[PDB]
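Chemist: Once you've seen the sequence and the experimental structure below, I've got questions.
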Amino acid sequence: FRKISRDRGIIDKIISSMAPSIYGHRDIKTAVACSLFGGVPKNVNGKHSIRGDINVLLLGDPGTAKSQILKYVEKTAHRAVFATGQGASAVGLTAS
Amino acid sequence: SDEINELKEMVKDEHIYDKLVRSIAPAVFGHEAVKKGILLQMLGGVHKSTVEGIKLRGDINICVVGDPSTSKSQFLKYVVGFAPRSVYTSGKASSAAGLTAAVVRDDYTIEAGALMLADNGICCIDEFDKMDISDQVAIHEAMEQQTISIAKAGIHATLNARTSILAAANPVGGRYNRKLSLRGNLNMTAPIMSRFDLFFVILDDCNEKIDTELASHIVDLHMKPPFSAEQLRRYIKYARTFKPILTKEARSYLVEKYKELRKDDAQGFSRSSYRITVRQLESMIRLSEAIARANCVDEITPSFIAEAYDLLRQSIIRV
Amino acid sequence: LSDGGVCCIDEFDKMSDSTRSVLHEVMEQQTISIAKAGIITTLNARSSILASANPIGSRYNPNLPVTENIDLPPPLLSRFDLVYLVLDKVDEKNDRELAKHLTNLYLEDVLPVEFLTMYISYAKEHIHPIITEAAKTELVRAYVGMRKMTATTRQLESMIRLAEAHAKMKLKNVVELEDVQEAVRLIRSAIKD
Amino acid sequence: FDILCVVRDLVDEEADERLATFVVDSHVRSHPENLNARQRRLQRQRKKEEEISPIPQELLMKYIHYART
Ligand SMILES: Nc1ncnc2c1ncn2[C@@H]1O[C@H](COP(=O)(O)OP(=O)(O)NP(=O)(O)O)[C@@H](O)[C@H]1O
Ligand SMILES: [Mg+2]
C-alpha cells in the first residue's frame, strides 16, 4: 500500500479500478471512490460534531449500471448493507 | 441407454429447432413467435460472475401482451404445468410483499413469495397490467439483480431470485390499439420494459381462413406435436448443460446489430433512447446463448445473432 | 366449498375488488392459488357460478348497455356463458298474469319437481357426451357466422359446453346437430344482451 | 446527498460502439470456462483481471480499509 500510494496517478488508478467491468461513468466512479474512502469526521472541542461521511445519489435512466455499481460497493466496502426500495421500512432502516 | 439413444437421434436431426418450437404448448394454435420465446426461456442464458464480483443475469424475461379475447393464459398454464420449479400467480391478487418476500412473526422472519419459490425457475404472472405500480416496482430487483433485499423489523437479508419471469399483460382498455406504440398500449414504463428481454403482442382480429381452422382446432382439442412432453423435457435438461461461447465473428457482428437497434430506437432532437438500453445488448447475448443451447452447439454463430436481433425487432418495429 | 355444485352469488355487482380479481382463475382454471405459511397449492374450486347482479341506483336503463348499467367490469362479465336481464317495466299483459299466478299459490295445492333432482343425479352419474364429427362442422360454421356478425373462441368453447350439457339432457351419449343448434341459438340470444 | 450524479442514456454512435464492444468483451471475459491446477486458475483470474483493473481488487479492498482506518 505504501509503495503504490506514491504513484502520481494513484487517485486516477483507484477511480479507474472502481467497478472495473462497468464502462465509462468516470463521474460515478469518482463519487463512489470519494464516498468509499470518506472524509474526516470532526468534533470542535466536543461542542459541535461534523459529518465525515459523503452521501451520493445516482439519479438516472434505466439500464445504466446504477444497481450494478451499488452491488459492487456492497462487494468492496468493509461494512455494507443493501436494501432496495419497497423492501425498506422506516424502522428497518434506522432502528426498531 | 434408451434415453441416451433418444437424445442422440434428436441431436442428429439438423432441423430439430423447428420441432422444438412446435412442441411448445401443443394445445394452443399458432403464435410461433411466442412459442419460440418460451423455448428460449426454458433454455436460459448462461449466468456469469465477473472478476469484480458483478453478476450478469442468465435468466430471460418475456412478456406476452394480449387482449382478454386472445388465448393468452394458455401459455402460462402450459409452462407452469411443464417446467420444473415454477409458479402461477395473478397480477392484482398478489401484492408487492406477496410477490418478492413478506416479513411475518413465525420473533420476525421472512416468508417466501412467488419470486423466491421460482428461484432457478420460471415465475408466471397473469393479468400483469392490473398489478398496481406499488406491486410492480417491488420486483425490479428480482427482475435484473436476481435478488430480493429486505430491511424491516430487525430482520435484514438479501435473498436469491434467479428467475425467468413470464408476464401476460393486457393492453390498456383490453383492445390492442395498432395505431399506437407498444409503449402507448401498456401502463408500463422504461424501467420495467427495459428489464424484459422481449415483448410479444398477439392479436386476434377476424380472418375467415384463420378463424375456420382455429375453430376446427378448438373442436379437435375437445376430441370430437413431434415430441412428447417427456422427450422435450429430457432434451431441455440436456441442452441446459451446454454453455455456449461467442465466436469472434459473432462479437463484432453483435456490436453492429446493437448499434442498428440503438440507432433506430433514438427519438427526439436529443437522440434519447427509450427501449434499447445496454440491457438490450445483454438481452441479445442471453437470447443467442439460448438459441445455441436450442441447437446444442457450444459456439454462437452470427446466424444466432441475426435471430436474436430479429426477436427483439418483434417489439422494435412497433414504436 | 361449492366444489362440484352451483355457487349462487347475489349482490354480485357490489362485490369487492380483491374478490373480483380472485374470480378470474376459478373462471379460467377452476382453482385459486394459495402461497402462505409454508403451504403452496392451487386449491381447486370446480364450481359453476350463478350470479345475481344489479344496476347502479333503483332502476335499470335499457337504453344503455350492460357495462354502463352494471358496476362490475367487462372482462369479468365476458367470462359468463349466458347473461340475462330481468326488468320491472310495467305491462299489464305481463303484470296481471304474474299477479294472478302469484296469488293463486295461496289457494291451490306436468311438473316433476321432486324427480328433477333424481334425473339430474342419474344424468350426471351415467352420461358423458362426446362430439359428433358432423357437429364439428356445425360448430365451426356457427362460430364463423357469429364472428362475421365480434366473437372469440370463448364463445365457441361455451357452445361446446352447452351442447354437451344439452346432450346430458335426454340422456344422449353423443352431441347431436340439434344440441349444437340449441347451444348456438341460446348463446346468440344471450350475446345480443 | 452531497454528490449528485445524473446518468443519461443517450444514443451516440461511437460511444455506443465502444460501450457495446466493452460489454461483449466483458461477457466472454466473464464466461465460466474461460504448479497445481488451483494455483494456475487463480493465476488465470489475475491475468484476466489486470486487463481492466489497474490495481488488484483484493489489494483495493485492503487499501480502502487501510486508508479509512
Ligand atoms: N456501462 C455499462 N457497462 C457494462 N454493463 C452495463 C453498463 N450499463 C449498463 N450495463 C448493464 O445493464 C444491466 C442493468 O444494470 P443496472 O445496474 O440494473 O442498471 P440501472 O442503472 O440500475 N437501471 P435501473 O435499475 O432501471 O434504474 C446490467 O447487467 C449491466 O451489466
Ligand atoms: Mg436499478
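Modeler: Arrived safely, thanks for sending. Numbering: from 1, shown residues only, chains lettered A, B, ... in the order given. Ligands and ions are numbered 1, 2, ... in the order given.
Chemist: For the spatially most central residue of chain B, give its distance to residue B:171.
Modeler: In chain B, the centroid-proximal residue (CA atoms, centre = their mean) is residue B:62; its distance is 2.5 Å. Distance of residue B:62 to residue B:171, given as CB to CB, to the nearest Å: 17 Å. To be clear about C-beta, it is placed using only N, CA and C from the backbone, and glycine gets the same treatment.
Chemist: count of residues packed around the residue of chain C found nearest chain D?
Modeler: Of all residues in chain C, the one sitting closest to chain D is residue C:40 (32.0 Å; CB to the nearest CB). For residue C:40, the neighbour count with other CB atoms under 10 Å in any protein chain shown is 13.
Chemist: cool, residue C:82 as well?
Modeler: 12.
Chemist: So it lies in a helix, does it not?
Modeler: No: Residue C:82: not assigned to a helix; according to DSSP: H, G, I helix; E, B strand; the rest coil it is coil.
Chemist: Check which helices and strands the helix or strand residue C:186 falls within is in contact with.
Modeler: Here residue C:186 sits within helix C:177-191, counting by DSSP states H and E. Using 3 or more CB pairs under 8 Å, 6 or more residues apart in numbering or on different chains; DSSP states H and E, the elements in contact with helix C:177-191 are helix C:133-148, helix C:153-168.
Chemist: if I pick residue A:65, what's in contact with it?
Modeler: A:19, A:22, A:25, B:278 (CB atoms under 8 Å, 6 or more residues apart in numbering or on different chains).
Chemist: Spell out which helix or strand contains the residue of chain C closest to chain D, please.
Modeler: Taking DSSP H and E as the criterion, residue C:40 maps to strand C:39-44.
Chemist: ok, that strand near chain B or not?
Modeler: Yes: judged by CB under 8 Å from any CB of the partner chain, strand C:39-44 and chain B are in contact via C:40, C:42.
Chemist: ok, residue D:10 touching residue B:272?
Modeler: Yes: contact criterion CB atoms under 8 Å: residue D:10 and residue B:272 qualify, at 6.2 Å.
Chemist: Tell me how many other residues surround residue C:114.
Modeler: Neighbours of residue C:114 using other CB under 10 Å come to 7.
Chemist: Tell me how many other residues crowd residue 1.
Modeler: Assuming you mean chain A. 11.
Chemist: wait, I meant chain B there
Modeler: Neighbourhood size, residue B:1 [other CB under 10 Å]: 5.
Chemist: Count the neighbours of residue B:228 for me.
Modeler: Neighbour number of residue B:228 under other CB under 10 Å is 11.
Chemist: just to revisit the earlier point, ok, and what's touching the helix holding residue C:186?
Modeler: Against helix C:177-191 from outside (CB under 8 Å, 6+ apart): C:81-84, C:129, C:132, C:134-135, C:138-139, C:142, C:146, C:151, C:155, C:158-160, C:162-167, C:172.
Chemist: One more pass at 7 Å, please.
Modeler: C:82-83, C:134-135, C:138-139, C:142, C:146, C:155, C:158-159, C:162-163, C:166-167 (CB atoms under 7 Å, 6 or more residues apart in numbering or on different chains).
Chemist: could I have it exported to PDB, CA atoms only?
Modeler: Provided in PDB are the C-alpha atoms of helix C:177-191 (Å, rounded to 0.1, in the frame of the first residue of the first chain):
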ATOM      1  CA  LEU C 177     -76.500 -31.300 -34.500                       C
ATOM      2  CA  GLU C 178     -79.700 -30.200 -32.700                       C
ATOM      3  CA  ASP C 179     -77.600 -29.900 -29.500                       C
ATOM      4  CA  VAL C 180     -75.100 -27.600 -31.200                       C
ATOM      5  CA  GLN C 181     -78.000 -25.700 -32.800                       C
ATOM      6  CA  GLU C 182     -79.800 -25.000 -29.400                       C
ATOM      7  CA  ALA C 183     -76.500 -24.200 -27.700                       C
ATOM      8  CA  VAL C 184     -75.700 -21.800 -30.600                       C
ATOM      9  CA  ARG C 185     -79.300 -20.300 -30.500                       C
ATOM     10  CA  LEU C 186     -79.300 -19.700 -26.800                       C
ATOM     11  CA  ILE C 187     -75.900 -18.100 -26.900                       C
ATOM     12  CA  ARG C 188     -77.000 -16.000 -29.900                       C
ATOM     13  CA  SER C 189     -79.800 -14.700 -27.700                       C
ATOM     14  CA  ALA C 190     -77.500 -14.100 -24.800                       C
ATOM     15  CA  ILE C 191     -74.700 -12.300 -26.600                       C
END
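Chemist: Pull out the buried positions in it.
Modeler: C:179, C:180, C:181, C:182, C:183, C:184, C:186, C:187, C:190 (16 or more other CB atoms under 10 Å in any protein chain shown).
Chemist: packing partners for the top helix by length along chain D?
Modeler: Looking across chain D with DSSP state H, the single longest helix is helix D:13-29. Applying 3 or more CB pairs under 7 Å, 6 or more residues apart in numbering or on different chains; DSSP states H and E, one finds that helix D:13-29 contacts strand B:245-246, helix B:248-265, helix B:278-294.
Chemist: Dump those into a markdown table; add distance to residue B:235 as well.
Modeler: Putting the helices and strands packed on helix D:13-29 into a markdown table (distance: least, CB to CB, whole Å) gives the following:
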| stretch | distance to residue B:235 |
| --- | --- |
| strand B:245-246 | 21 |
| helix B:248-265 | 24 |
| helix B:278-294 | 9 |
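Chemist: Minimum distance to residue A:12: which of these has it?
Modeler: Distance to residue A:12, taken as CB to CB, is lowest for helix B:278-294 among these, at 24.1 Å.
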